[PDB]
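Here's the structure, in structure tokens; my notes come after.
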Amino acid sequence: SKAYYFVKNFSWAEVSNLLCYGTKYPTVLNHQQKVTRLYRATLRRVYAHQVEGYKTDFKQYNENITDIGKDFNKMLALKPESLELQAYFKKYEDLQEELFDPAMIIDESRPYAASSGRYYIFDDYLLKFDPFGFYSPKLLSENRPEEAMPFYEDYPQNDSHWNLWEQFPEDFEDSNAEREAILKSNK
Amino acid sequence: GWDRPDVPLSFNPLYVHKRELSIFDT
Amino acid sequence: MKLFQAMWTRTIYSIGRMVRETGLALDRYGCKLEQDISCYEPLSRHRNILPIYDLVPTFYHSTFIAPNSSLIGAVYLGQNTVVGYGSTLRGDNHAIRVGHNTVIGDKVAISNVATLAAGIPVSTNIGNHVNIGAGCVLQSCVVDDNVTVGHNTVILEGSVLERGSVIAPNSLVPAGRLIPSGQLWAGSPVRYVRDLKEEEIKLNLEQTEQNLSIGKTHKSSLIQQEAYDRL
Amino acid sequence: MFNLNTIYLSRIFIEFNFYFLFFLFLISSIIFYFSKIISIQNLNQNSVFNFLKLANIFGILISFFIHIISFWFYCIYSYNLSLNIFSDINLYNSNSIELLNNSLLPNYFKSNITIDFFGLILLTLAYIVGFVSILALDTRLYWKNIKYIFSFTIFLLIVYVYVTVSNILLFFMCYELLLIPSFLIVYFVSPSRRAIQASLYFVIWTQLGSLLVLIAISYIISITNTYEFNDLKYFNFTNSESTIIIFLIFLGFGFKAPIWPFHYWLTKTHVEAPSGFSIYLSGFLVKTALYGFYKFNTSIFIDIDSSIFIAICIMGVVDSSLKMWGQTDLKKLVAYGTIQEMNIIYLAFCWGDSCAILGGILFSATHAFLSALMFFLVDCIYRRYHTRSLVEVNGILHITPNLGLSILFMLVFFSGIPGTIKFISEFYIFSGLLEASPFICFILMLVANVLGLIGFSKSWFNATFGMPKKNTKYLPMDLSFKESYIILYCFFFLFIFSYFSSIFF
Amino acid sequence: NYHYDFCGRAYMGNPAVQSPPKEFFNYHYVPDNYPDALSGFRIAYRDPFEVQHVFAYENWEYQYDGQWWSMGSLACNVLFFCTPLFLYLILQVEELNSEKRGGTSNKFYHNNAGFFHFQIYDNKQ
Amino acid sequence: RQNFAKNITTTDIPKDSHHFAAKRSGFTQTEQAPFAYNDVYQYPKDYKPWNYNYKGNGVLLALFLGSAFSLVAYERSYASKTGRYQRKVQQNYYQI
Amino acid sequence: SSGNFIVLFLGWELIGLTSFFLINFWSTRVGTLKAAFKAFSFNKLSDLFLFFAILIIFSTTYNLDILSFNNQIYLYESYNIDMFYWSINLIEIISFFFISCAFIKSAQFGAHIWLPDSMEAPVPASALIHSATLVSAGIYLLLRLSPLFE
Amino acid sequence: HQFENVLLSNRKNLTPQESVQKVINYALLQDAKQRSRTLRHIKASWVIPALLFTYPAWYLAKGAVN
Amino acid sequence: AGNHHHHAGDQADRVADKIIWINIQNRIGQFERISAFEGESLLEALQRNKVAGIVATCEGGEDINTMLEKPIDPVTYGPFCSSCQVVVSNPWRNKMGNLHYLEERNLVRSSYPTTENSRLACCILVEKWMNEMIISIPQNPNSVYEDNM
């Protein structure tokens, strides 16, 4: 269960439906699903209040769960379109409302719980990502060209255009030696 | 004891939008 | 200072261009006044050797350059290099260098891309005894000595062919790939075929030598027929 | 110990910095026009665009250094001039020192330069904000808009003449010249398609106020044939003329300096304009209007109640603060913050030439730097995360820690913590307003610093925090050195300008 | 208390799940725009709901004349509309105190005879 | 996009040519051709990407010289304000 | 340990900001951000009250020194301030703003709503804020400006 | 010392790898020289108009506005 | 990319299977059959096929905030004339639906007679469901002197 009862501006009816059954629209559920989910919710709440509670009485807990189990067996036996089954559902929904506890314990294994998302897990994409060659070696040819595509440089991470004209060493020799040699040979 | 697999990416579940974000709820 | 020398060269070049402009305009005006139609005639403006300012093609007088071809920008030909009819060596963005005894087939196009990654030359460099078939396309590729490229072959950027490699016609070399020495590669994406034999190597050498001789005969015949300018 | 050497050095520096900028611009423009047949970029490493970028950047920077020196010289000169006038009490003695102009360069527009502290603050803002905006617009200028690399140099020249002139007509003309370059930048450099309509809205809204100021200037010039800006001392406008002039001046300059309800154009333009030009707009282009309003209203004698103008300014502040909460767009939220700060600044000028002007000037400087910081942060977010909307952007801090830290420190500075010129300006304005009208001061402080502050902080905190699980293949890396140092310089100025000499504040 | 079924006039997004929108306003760029290529030029596909929310407010408009007064709460809308009048009246009431006491009043004081703050006043030979 | 030239001449790019090796024998009829350039960037050992890696004293010397100049300039300014060629240090200084 | 109201206000804002960070330590979760934002809003309200009180003090006496204010407030006790439509006693209004900010930061009834939600912070941060650091700011204000409130 | 045209030289003795590497290095060096020459010519084309037409432009502006 | 169902190694689809056929009754009472594509306006298709009877003085209208965008931007200026009117048969006219207010303004301002099924080709965007759509194209009016040029 997403344990988001107190978030997302749920109305009381929606919260009650979420507590009793895992869904906010119990009509979609069938008879067996409704009965089983309500039984699970009732047992969970009774355990929360009479086992993990204030000076809990285990004998009273046993008696209460036994009575609830008998009642839910009768409910499951009953037909879906029965006023008696409707009365049972209303009774146990009222019990859930009565036992509703603001700030009730929410297990840490459920979504939206306290400590649910304290850490951001990095994906293999981020782990592999290394545009510079310090950790993952970087080819002088930025990329490996694939067949049926031209060979283009990868877009740099920093695309600042504040670049000077190409710089050369002082007193750099740049005479057209090839042309001079060919012209000398031609004469 | 057991060699646990690396922490699941599932721990943070991606949220997919299924309802319009009304401008009246900005 | 080199900057001053460059400035002086640009100034004198501009003055010469302006002098040419005024002279040609005066000639046209004189024709108009003389009722002469000579200026009006439309004649091909094609120039076999076109020099970009400061980028003049250079070639040994022994080379045979087809009058139908066009060398542009920084082009460098070897001793007996032969350029086929209709082939263009644009070499305007970067240089194009060719070896001593290479043969370039008819309709071959060579042009180099604007830029490439680090360590990859952006100019076309061809070995000494290379034989390139007609209809080939080359871009910023390195070819070693004694390489035969089949007709209708495309060679892209950063592609290196080692000595003795052979590429079958109607095949493409993908950009940034290596063709080792002494191997035959074929297919639109080149795929390994086999290792060359001494007989095949000798046949290729004889073929390129025959092409050089045919180029020499073409040069002689064109000079005889006044189709070749005696440079 | 003050001597004539300092006076002449101040005047020479002020006069010659303008010609330094003009000659740099002239040489760069000549090179650009005569190097190519068609004035567009050649997409190669040897293009003249690199030289033009270098020339513009390091003309602005060197002129900014020279402006620092000249501003310091002016401060000494003005302080010692006041001392010379005030000190001597003998009736026979009088301070009549006459200066002869140099024979090297001419006086631009045959006008003798006059410089004031507010004008030089405005010029310094121009320099710094223009430097930041030009650094921002490098990625926007490409191959057909490179001609707009000179826009900030043109702005600097216009502002220089604007702040170093004692002529009413030249003042007005310099104020009105700013429209064309800004409109062209928004029209041709803005990536978004809505910028086309945003530019038209900007032009029309600003031109309505320009026409109002033009009517006021026509009233002044036609009635008083003078133009020296000081002959108005010997001419008094009747009550009707004075009220008409003040109303026209206030409304016209408030069209530019956004006031309620005339901020629709500002919101549209800020949302749809280049991220690099929004910085310049908000930082500087809305404060030339404040400077002009100050000059005109302090020159004219006005015998009307300023309650209506104060109410307009306070309504603008309240409106912007209340609307801050409902903006998920960071750029629009920063635009509303700009509207709030500008309205507070404008309110600071509603008591003529009282001491409120000092707080107004300091608040103008701090708002310029703070708006530059905020718009630059929005620019970085939009450029690395390809969206500037709160719904699409979340958890910036966990993937780009430096950017998240910058956002958090920007919020802290915006909150107005002590030790910042923002806090000093708030202290000045609120100390005056408490005695002027304490209940109005309480309402203004409450709204602006609680409701608007909470609305502003909600979106920024939500963007900074969270968990960026979406589109993990496309997440950016971090701020660059350029962006990091720009942010650091904004923080450094906001912190250290509080130590500026208190004589002028 | 606010719920979609019973809000009536305080509008808000409905809680019921809906299908994604087929058509919605989208980002558009000026012709021949230079792409933004920071951090490798990696662009992700935009979520339709998020883009719709981004561009919804800019295009929202009133359907009929006078809808603004009714939308939301009439009392709050009227108070917001009259806020400038309230501010002006508060300012005038405050200025009454200034007039009767002798403190600062809302006026354009002219202590300086047009002499700007720390301006350089000089003459030339 | 970027149009600058990668192959600079001011210095030779650090590189390692042994990490990636190009196959040159034993090919098949379905294998793609190898790559021509297989050099990778090699960083200098002891380079720490998480700091500035600045080992020069120029900035420190510039700041210290500026501070020293400011100190001596203030000394001279105080002497000029007091109308003396040099500071007249008193025999005792108290809190203030 | 503040020598004047400006340093006091600086420390006030700093404790507010750092408490916000401690509460929002779990930055990945947005549930924690809601509690942090609640505390931030209350702290900003307290900052408003403190700033307004300091402005009133500065307008009355042209001084921000704590000792000078403590030893001068008795002279101005008899003064009143003319507000919108009421003549409020100066001491009463100044003490009203101070007590409001003190209550907000000490989590008195009504303004305590943030303290239960501030427990999202890690236990060391919670102990430090709730023992003598964040919740005693109002007590410090009252003790330091006792001559005013007397 | 003396210019050598590596491309037109004899590299049969060397292995094919060494031959291609030498050709690549020679091509890079020659391309750098050509780049320097063309950049210098571009710089000259920048400087000439500035020297020739800066003063006339200043003269025109000075006459116009003064 | 997108809006296609190709996998690595698949052959391209024929243009014949993708062309959408539009049937027209010309101004002279004859019948014509032309081909169009999805994503382009009916005006573009008709001008490409050189169908007579359409003047198109404005030539499609503005290039930004065009009427072809599925969500029409409210800041659009709409068509700049009414010289591309076409009468669409009811089965497809109903599918097209109600008119935009600017388009209706231009249609009613048209100098020649108009029909309840009339629409502007520039305002129509070609869709797959329009296959075999029947329209009629009477002669449209000539607005200005430049039309004769």
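Which chain is which? They are A, B, C, D, E, F, G, H and I, in the order written, and residues in each are numbered from 1.
Methods note: contacts are C-beta pairs under 8 Å (C-beta built on N, C-alpha and C of every residue); 3 or more make two chains touch, one makes a residue touch a chain.
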Chain pair, D-F or A-D, that carries the greater number of C-beta contacts: A-D
Chain whose mean Cα position lies farthest from chain C: G
Distance from chain F to chain E - Cα centre to Cα centre, in angstrom: 46
Distance from chain C to chain A - Cα centre to Cα centre, in angstrom: 62
Distance between the centres, which are taken as Cα means, of chain E and chain A, whole angstrom: 35
Distance from chain I to chain H - Cα centre to Cα centre, in angstrom: 56
Per-residue multi-chain contacts in chain G, two or more chains: 28-29, 82, 84
Where chain F touches two or more other chains at once, by residue number: 1-7, 9, 13, 15, 32, 35, 37, 39
Overlap residues in chain H, where contacts from two or more other chains coincide: 28, 30-32, 34-35, 37-40, 43, 45
Partner chain D, residues of chain G touching it in the complex: 6-7, 9-10, 13-14, 17, 24, 27-30, 33, 36-37, 40-41, 44-45, 47-48, 51-52, 55-56, 58-59, 81-84
Complex interface listing, chain I residues touching chain D: 64-65, 75
Chain F contact footprint on chain C (complex, rising order): 114-121, 142, 158-160, 173-174, 176-180, 183, 185, 189-193
Chain B partner contacts - residues on chain E that touch it in the complex: 10-18, 21, 47, 49-50, 52-53, 56-57, 60
Touching residues (chain side chain H, partner chain F) in the complex: 28, 31-32, 35
